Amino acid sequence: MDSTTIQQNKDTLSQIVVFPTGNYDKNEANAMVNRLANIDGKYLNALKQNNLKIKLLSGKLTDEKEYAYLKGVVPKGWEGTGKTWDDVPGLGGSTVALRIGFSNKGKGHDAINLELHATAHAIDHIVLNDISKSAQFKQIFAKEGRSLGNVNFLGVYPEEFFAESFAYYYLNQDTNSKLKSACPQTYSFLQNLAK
């Protein structure tokens, strides 16, 4: 990815990312945008065209009016964790919402990167019309969905395997290489998806 392309992707994200009102960690918000800028520009442009917003938050997701209905609700795949949406730092699908400072694995989640995983859900649902539930991806998921760990979550829900694989592909060169070694059909699928 050349400098001009990274800059173009940051420019696209400038029309997608929404910052919280009040005090927040500006440097970490910027770092989150920079990580999102590694996503293929085709996906970012489609998010922009669909007026999908990536909402960065300084507090709990359920403190936002549009997610208050999820208070006390246990997310799909979080059964038995003892956590509810009140405790979850990122959400993706028809919208995207992300708590600043919770990007890394272990910050209330075990995704390789919070913002990439959550934004992958929106790309899957909005941009690619639920490709993770297509017959093609289900066949790939059936073979490789248990090779990235967390098999009772990633190995059970194809949309979650898609989102986490997407995060591996786009976070950095190391995670990209790990995905190719663990899940070669998934890697080739994502490679071809971006053409």
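Residue numbers run from 1 along the displayed sequence.
Student: Which wins on mean Cα temperature factor, 160 to 168 or 63 to 71?
Tutor: Of 63 to 71 and 160 to 168, the stretch with the higher C-alpha B-factor average is 63 to 71.
Student: Given the B-factors recorded for C-alpha atoms, which segment has the greater mean, 111 to 119 or 83 to 91?
Tutor: The entry gives the higher C-alpha B-factor average to 83 to 91.
Student: Among 35, 143, 55, 48, which carries the highest Cα B-factor?
Tutor: The C-alpha B-factor peaks, among 35, 143, 55, 48, at 143.
Student: Ranking every modelled residue in this chain by its Cα temperature factor as given in the entry, which third contains residue 179?
Tutor: Answer is middle: the recorded C-alpha B-factor places it there.
Student: C-alpha B factor of residue 105, ranked within the chain: lowest, middle or highest third?
Tutor: Within its chain, residue 105 is a highest-third residue by C-alpha B-factor, going by the deposited values.
Student: Would the CA B-factor of residue 148 place it in the lowest, middle or highest third of its chain?
Tutor: CA B-factor rank for residue 148: highest third.
Student: Of the three thirds of its chain by CA temperature factor, lowest, middle or highest, which one includes residue 154?
Tutor: For residue 154, whose C-alpha B-factor we compare with every modelled residue in the chain, the answer is the middle third.
Student: Within this chain's modelled residues, let me know which third the CA B factor of residue 135 belongs to: lowest, middle or highest.
Tutor: According to the entry, residue 135 has a C-alpha B-factor in the chain's highest third.
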